[PDB]
């Protein structure tokens, strides 16, 4: 096949991108993204602050611009994200304890109701683990509300939209030997033992010199799949966009039956949150980089 999404679809997978609503007037952006991807994540518009800028007062305008663009262009949508320490609106940042817990639940219920039946995967909880050697939970208002915040978010989501696949998403959890990875593994294992409703694990896959790709990513993906969850590569970007690493990651997904697909975190290098690291598949002018060709060839089986 001639495009990433179509090539992925031949093996039953998707190839997605992050979409920014403010860029939906950019003809190069929309035409390349339209052609190449069959899955969309809103880069910012489905986050807590965007969707609930005042408590109880939802604003889906920008989110729906992304959603509607996706489905008008034949893509499915991953919802990102319902419960996270970052990009909280001010009103939620000030809450703690039981009041925060109620607001977290209310936010999940309101957003999922708006999209009920329409979104195939939700990143219900994002980035709950600390970096480094401890495997501890990240300090946040949510974590301070109790260790059960994650499980409660998942149980809330399962009740709100039983059709959605519920994902836990994080970064620096790709290398099988890292403490953070093992913390996430043991959480998912615990959730499956205690009946907590988790369907998928998202590996953000932000690879760079401080958190480099390792061939053991395939092992990580296999081992999580064996716990009885799907796995997905959710926010892939790679410092310098080396073709070799991009091919390795693609082949790791293709090797694991329950790897649903790959999303890259943007279209052109200049669209990237980390543009200075030139970490994506298209040049600033929209042309294909060497890494594009390596991914397409891997998806096509040679």
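Numbering follows the first chain given and starts at 1.
Engineer: Which has the higher mean CA temperature factor in the PDB entry, 33-41 or 54-62?
Structural biologist: Stretch with the greater average CA B-factor: 54-62.
Engineer: Decide which of the stretches 22-30 and 231-239 has the higher mean C-alpha B-factor, going by the entry.
Structural biologist: Comparing 231-239 with 22-30, the higher mean C-alpha B-factor belongs to 22-30.
Engineer: Compare the CA B factors listed in the entry for 83, 166, 188, 111 and report the winner.
Structural biologist: The listed residue with the largest C-alpha B-factor is 188.
Engineer: By the CA temperature factor listed in this entry, which of these ranks top: 208, 72, 88, 156?
Structural biologist: Among 208, 72, 88, 156, the highest C-alpha B-factor in the entry belongs to 72.
Engineer: Which third, lowest, middle or highest, does the C-alpha temperature factor of residue 286 belong to within its own chain?
Structural biologist: As the PDB entry reports it, the C-alpha B-factor of residue 286 lands in the highest third of its chain.
Engineer: Going by the CA temperature factor in the PDB record, which third of the chain does residue 179 belong to: lowest, middle or highest?
Structural biologist: Top third by C-alpha B-factor.
Engineer: Which third, lowest, middle or highest, does the C-alpha temperature factor of residue 107 belong to within its own chain?
Structural biologist: Lowest third of the chain for residue 107's C-alpha B-factor.
Engineer: When the deposited Cα B-factors of this chain's modelled residues are ordered and cut into thirds, is residue 47 in the lowest, the middle or the highest one?
Structural biologist: As the PDB entry reports it, the C-alpha B-factor of residue 47 lands in the lowest third of its chain.
Engineer: So where's residue 123 on the chain's Cα temperature factor ranking, which third?
Structural biologist: CA B-factor rank for residue 123: lowest third.
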